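One file, target.pdb, carrying PDB, C-alpha atoms:
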ATOM      1  CA  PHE A   1       0.000   0.000   0.000  1.00  0.00           C
ATOM      2  CA  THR A   2       2.080   2.964   1.322  1.00  0.00           C
ATOM      3  CA  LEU A   3       5.897   3.068   1.087  1.00  0.00           C
ATOM      4  CA  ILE A   4       6.103   2.945   4.881  1.00  0.00           C
ATOM      5  CA  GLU A   5       3.923  -0.216   4.898  1.00  0.00           C
ATOM      6  CA  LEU A   6       6.372  -1.774   2.397  1.00  0.00           C
ATOM      7  CA  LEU A   7       9.144  -0.835   4.836  1.00  0.00           C
ATOM      8  CA  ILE A   8       7.768  -2.798   7.779  1.00  0.00           C
ATOM      9  CA  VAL A   9       7.138  -5.944   5.728  1.00  0.00           C
ATOM     10  CA  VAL A  10      10.757  -6.026   4.567  1.00  0.00           C
ATOM     11  CA  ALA A  11      11.627  -5.333   8.203  1.00  0.00           C
ATOM     12  CA  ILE A  12       9.655  -8.404   9.324  1.00  0.00           C
ATOM     13  CA  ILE A  13      10.506 -10.782   6.471  1.00  0.00           C
ATOM     14  CA  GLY A  14      14.099 -10.189   7.522  1.00  0.00           C
ATOM     15  CA  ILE A  15      13.190 -11.156  11.083  1.00  0.00           C
ATOM     16  CA  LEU A  16      11.155 -14.278  10.307  1.00  0.00           C
ATOM     17  CA  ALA A  17      13.873 -15.521   7.943  1.00  0.00           C
ATOM     18  CA  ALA A  18      16.443 -16.009  10.745  1.00  0.00           C
ATOM     19  CA  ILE A  19      15.010 -17.857  13.744  1.00  0.00           C
ATOM     20  CA  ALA A  20      18.028 -19.980  14.725  1.00  0.00           C
ATOM     21  CA  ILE A  21      17.291 -23.215  12.866  1.00  0.00           C
ATOM     22  CA  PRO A  22      18.865 -25.884  15.108  1.00  0.00           C
ATOM     23  CA  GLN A  23      21.314 -28.588  14.101  1.00  0.00           C
ATOM     24  CA  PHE A  24      19.106 -31.662  13.629  1.00  0.00           C
ATOM     25  CA  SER A  25      22.073 -33.969  13.215  1.00  0.00           C
ATOM     26  CA  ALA A  26      22.717 -35.369  16.673  1.00  0.00           C
ATOM     27  CA  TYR A  27      18.986 -35.859  17.210  1.00  0.00           C
ATOM     28  CA  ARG A  28      18.876 -38.256  14.200  1.00  0.00           C
ATOM     29  CA  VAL A  29      22.208 -40.126  14.665  1.00  0.00           C
ATOM     30  CA  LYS A  30      20.877 -41.324  18.072  1.00  0.00           C
ATOM     31  CA  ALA A  31      17.985 -43.082  16.237  1.00  0.00           C
ATOM     32  CA  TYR A  32      20.384 -44.813  13.777  1.00  0.00           C
ATOM     33  CA  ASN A  33      22.533 -45.978  16.735  1.00  0.00           C
ATOM     34  CA  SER A  34      19.552 -47.324  18.767  1.00  0.00           C
ATOM     35  CA  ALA A  35      18.437 -49.312  15.703  1.00  0.00           C
ATOM     36  CA  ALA A  36      21.817 -51.148  15.634  1.00  0.00           C
ATOM     37  CA  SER A  37      21.997 -51.877  19.418  1.00  0.00           C
ATOM     38  CA  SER A  38      18.374 -53.137  19.378  1.00  0.00           C
ATOM     39  CA  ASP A  39      19.263 -55.262  16.331  1.00  0.00           C
ATOM     40  CA  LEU A  40      22.319 -56.777  18.103  1.00  0.00           C
ATOM     41  CA  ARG A  41      20.391 -57.527  21.350  1.00  0.00           C
ATOM     42  CA  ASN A  42      17.845 -59.314  19.170  1.00  0.00           C
ATOM     43  CA  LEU A  43      20.547 -61.142  17.105  1.00  0.00           C
ATOM     44  CA  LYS A  44      22.024 -62.538  20.351  1.00  0.00           C
ATOM     45  CA  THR A  45      18.706 -64.328  21.146  1.00  0.00           C
ATOM     46  CA  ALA A  46      18.814 -66.026  17.715  1.00  0.00           C
ATOM     47  CA  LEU A  47      22.443 -67.203  18.302  1.00  0.00           C
ATOM     48  CA  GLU A  48      21.751 -68.519  21.816  1.00  0.00           C
ATOM     49  CA  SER A  49      18.489 -70.122  20.648  1.00  0.00           C
ATOM     50  CA  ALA A  50      20.339 -71.908  17.813  1.00  0.00           C
ATOM     51  CA  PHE A  51      23.038 -73.152  20.233  1.00  0.00           C
ATOM     52  CA  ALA A  52      20.410 -74.816  22.450  1.00  0.00           C
ATOM     53  CA  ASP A  53      19.235 -76.750  19.322  1.00  0.00           C
ATOM     54  CA  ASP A  54      22.608 -77.871  17.893  1.00  0.00           C
ATOM     55  CA  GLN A  55      25.248 -77.619  20.727  1.00  0.00           C
ATOM     56  CA  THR A  56      27.060 -75.126  18.450  1.00  0.00           C
ATOM     57  CA  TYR A  57      26.736 -71.559  17.303  1.00  0.00           C
ATOM     58  CA  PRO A  58      25.974 -71.373  13.549  1.00  0.00           C
ATOM     59  CA  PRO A  59      28.687 -71.491  10.839  1.00  0.00           C
ATOM     60  CA  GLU A  60      29.470 -68.013   9.412  1.00  0.00           C
ATOM     61  CA  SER A  61      27.720 -66.935   6.125  1.00  0.00           C
TER      62      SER A  61
ATOM     63  CA  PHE B   1       6.903 -26.568  15.462  1.00  0.00           C
ATOM     64  CA  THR B   2       8.997 -25.670  12.354  1.00  0.00           C
ATOM     65  CA  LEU B   3       8.669 -27.545   9.037  1.00  0.00           C
ATOM     66  CA  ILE B   4      12.229 -28.814   9.437  1.00  0.00           C
ATOM     67  CA  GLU B   5      11.351 -30.191  12.912  1.00  0.00           C
ATOM     68  CA  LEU B   6       8.404 -32.038  11.303  1.00  0.00           C
ATOM     69  CA  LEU B   7      10.911 -33.439   8.800  1.00  0.00           C
ATOM     70  CA  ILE B   8      13.154 -35.102  11.371  1.00  0.00           C
ATOM     71  CA  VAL B   9      10.258 -36.714  13.248  1.00  0.00           C
ATOM     72  CA  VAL B  10       8.998 -38.374  10.069  1.00  0.00           C
ATOM     73  CA  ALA B  11      12.637 -39.298   9.464  1.00  0.00           C
ATOM     74  CA  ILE B  12      12.827 -41.023  12.866  1.00  0.00           C
ATOM     75  CA  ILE B  13       9.353 -42.579  12.985  1.00  0.00           C
ATOM     76  CA  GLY B  14      10.403 -44.304   9.778  1.00  0.00           C
ATOM     77  CA  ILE B  15      13.524 -45.592  11.525  1.00  0.00           C
ATOM     78  CA  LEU B  16      11.898 -46.793  14.750  1.00  0.00           C
ATOM     79  CA  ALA B  17       9.168 -48.569  12.771  1.00  0.00           C
ATOM     80  CA  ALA B  18      11.589 -51.106  11.223  1.00  0.00           C
ATOM     81  CA  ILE B  19      13.922 -52.663  13.790  1.00  0.00           C
ATOM     82  CA  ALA B  20      14.091 -56.238  12.459  1.00  0.00           C
ATOM     83  CA  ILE B  21      11.355 -57.915  14.497  1.00  0.00           C
ATOM     84  CA  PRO B  22      12.607 -61.513  14.840  1.00  0.00           C
ATOM     85  CA  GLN B  23      10.727 -64.695  14.022  1.00  0.00           C
ATOM     86  CA  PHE B  24       9.412 -65.851  17.410  1.00  0.00           C
ATOM     87  CA  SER B  25       8.199 -69.157  16.030  1.00  0.00           C
ATOM     88  CA  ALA B  26      11.033 -71.584  16.670  1.00  0.00           C
ATOM     89  CA  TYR B  27      11.527 -70.147  20.154  1.00  0.00           C
ATOM     90  CA  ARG B  28       7.930 -71.165  21.076  1.00  0.00           C
ATOM     91  CA  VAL B  29       7.676 -74.559  19.278  1.00  0.00           C
ATOM     92  CA  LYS B  30      10.594 -75.765  21.481  1.00  0.00           C
ATOM     93  CA  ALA B  31       8.413 -75.123  24.587  1.00  0.00           C
ATOM     94  CA  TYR B  32       5.454 -77.093  23.115  1.00  0.00           C
ATOM     95  CA  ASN B  33       7.830 -79.993  22.293  1.00  0.00           C
ATOM     96  CA  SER B  34       9.455 -80.056  25.783  1.00  0.00           C
ATOM     97  CA  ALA B  35       5.970 -80.199  27.339  1.00  0.00           C
ATOM     98  CA  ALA B  36       5.217 -83.443  25.412  1.00  0.00           C
ATOM     99  CA  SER B  37       8.583 -85.179  26.144  1.00  0.00           C
ATOM    100  CA  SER B  38       8.287 -84.253  29.854  1.00  0.00           C
ATOM    101  CA  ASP B  39       4.703 -85.574  29.785  1.00  0.00           C
ATOM    102  CA  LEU B  40       5.810 -88.903  28.216  1.00  0.00           C
ATOM    103  CA  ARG B  41       8.736 -89.387  30.672  1.00  0.00           C
ATOM    104  CA  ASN B  42       6.205 -88.857  33.453  1.00  0.00           C
ATOM    105  CA  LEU B  43       3.582 -91.177  31.829  1.00  0.00           C
ATOM    106  CA  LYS B  44       6.184 -93.984  31.733  1.00  0.00           C
ATOM    107  CA  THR B  45       6.509 -93.879  35.570  1.00  0.00           C
ATOM    108  CA  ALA B  46       2.720 -94.335  35.891  1.00  0.00           C
ATOM    109  CA  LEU B  47       2.783 -97.367  33.503  1.00  0.00           C
ATOM    110  CA  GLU B  48       5.743 -99.034  35.238  1.00  0.00           C
ATOM    111  CA  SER B  49       4.257 -98.260  38.667  1.00  0.00           C
ATOM    112  CA  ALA B  50       0.945 -99.879  37.640  1.00  0.00           C
ATOM    113  CA  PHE B  51       2.764-102.982  36.319  1.00  0.00           C
ATOM    114  CA  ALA B  52       4.455-103.539  39.700  1.00  0.00           C
ATOM    115  CA  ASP B  53       0.928-103.589  41.269  1.00  0.00           C
ATOM    116  CA  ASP B  54      -0.898-105.876  38.798  1.00  0.00           C
ATOM    117  CA  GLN B  55       1.777-107.868  36.814  1.00  0.00           C
ATOM    118  CA  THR B  56       0.316-106.198  33.690  1.00  0.00           C
ATOM    119  CA  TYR B  57       0.335-102.851  31.975  1.00  0.00           C
ATOM    120  CA  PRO B  58      -3.148-101.248  32.020  1.00  0.00           C
ATOM    121  CA  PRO B  59      -5.859-102.025  29.419  1.00  0.00           C
ATOM    122  CA  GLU B  60      -6.172 -99.258  26.774  1.00  0.00           C
ATOM    123  CA  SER B  61      -8.902 -96.548  27.259  1.00  0.00           C
TER     124      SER B  61
END
Can you present the structure in this file as structure tokens?
Amino acid sequence: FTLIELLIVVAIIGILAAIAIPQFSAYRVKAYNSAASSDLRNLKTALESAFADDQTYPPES
Amino acid sequence: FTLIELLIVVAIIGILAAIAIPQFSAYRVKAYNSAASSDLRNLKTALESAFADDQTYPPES
């Protein structure tokens, strides 16, 4: 509308364009880690189930 | 909160929804089996007790 109105908008667009976007890197690597430790604690039950069938842990591959 | 925040959540919900759920089928069939072998080894003591009363194993049914 008025030149002064178009001077507040550009003064607010500048504000709302920098709101300290956080580093969402550590908060995701923790999920990837806790998939692998879960997966290992599960894998152990398969190994120690298979031993109590065969008196041996499985052959590799 | 922020669109980027709602992009990590959907990136973690996808992770924590696939954590390699193991096949809990063999680990239960072993229990059903070891009920029946226990039950037989017990049933034998009843048969060979009853013989030493009557000089005969029981009639069927």
Notebook entry, point to check: Once the ChimeraX specification (/B :<9) & /A has been applied to the shown file, what residues remain in the selection, as a PyMOL selection string?
Noted result: chain A and resi 21-22+24+27-28+31-32+34-36+38-39+42-43+46+49+53
Do you know which residues are at most 7 Å from residue 57 (chain B) counting only C-alpha atoms, after dropping those on the same chain fewer than 4 positions away, and could you put them as a PDB file with C-alpha atoms, in the coordinates of the input?
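Output below, filename out-v8.pdb:
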ATOM      1  CA  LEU B  47       2.783 -97.367  33.503  1.00  0.00           C
ATOM      2  CA  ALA B  50       0.945 -99.879  37.640  1.00  0.00           C
ATOM      3  CA  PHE B  51       2.764-102.982  36.319  1.00  0.00           C
TER       4      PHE B  51
END
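CA of residue 45 (chain A) is positioned 12.6 Å from CA of residue 25 (chain B).
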Test item: axis-aligned box, all listed atoms of region 22-33 of chain A, 4 Å on each side, centre and edges in Å rounded to one decimal, as lines of an AutoDock Vina configuration file:
center_x = 20.4
center_y = -35.9
center_z = 15.6
size_x = 12.7
size_y = 28.1
size_z = 12.9
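As for CA of residue 41 (chain A) and CA of residue 56 (chain A), they are spaced 19.0 Å apart.
As for CA of residue 14 (chain A) and CA of residue 10 (chain B), they are spaced 28.8 Å apart.
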